[PDB]
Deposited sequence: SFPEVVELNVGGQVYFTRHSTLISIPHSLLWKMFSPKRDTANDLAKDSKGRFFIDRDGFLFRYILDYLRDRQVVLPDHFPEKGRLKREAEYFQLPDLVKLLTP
């Protein structure tokens, strides 16, 4: 079973969050990966769960999961890349919020 506080390595960037935050959006990729019905998920050299995506963009994914909204730094030049990340994580609402 997963621990209360999950430690994630996303593309090299380390994030900590509650397990409930990872199953926050029903039917999303993280919902499947972290729903208790673990040993399928890859791990880095220090035993952290590894997510093979851009670690810098994930910071906004996580904020969505926390707040159902995202504030982007001013003049953010990668709205489209973050949109693709949302598509990969199967977060439809976020995909719509980032639609140009």
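Residues of the deposited sequence that lack C-alpha coordinates fall in a single stretch, 38-40.
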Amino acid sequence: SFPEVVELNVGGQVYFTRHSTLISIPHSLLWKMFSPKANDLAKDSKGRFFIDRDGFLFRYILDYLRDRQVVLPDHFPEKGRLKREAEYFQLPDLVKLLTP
From here on, numbers count along this sequence of modelled residues.
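Compared with other deposited structures of the same protein, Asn39 meets the criterion of being unmodelled in at least one third of those that resolve residues on both sides. Note on 75-83 vs 21-29: mean CA B-factor is higher in 75-83. For the pair 64-72 and 38-46, the mean Cα B-factor is higher in 38-46.
In the deposited entry, the Cα temperature factor of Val6 places it in the lowest third of its chain's modelled residues.
Looking at the C-alpha B-factors along this chain, the one for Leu94 belongs to the lowest third.
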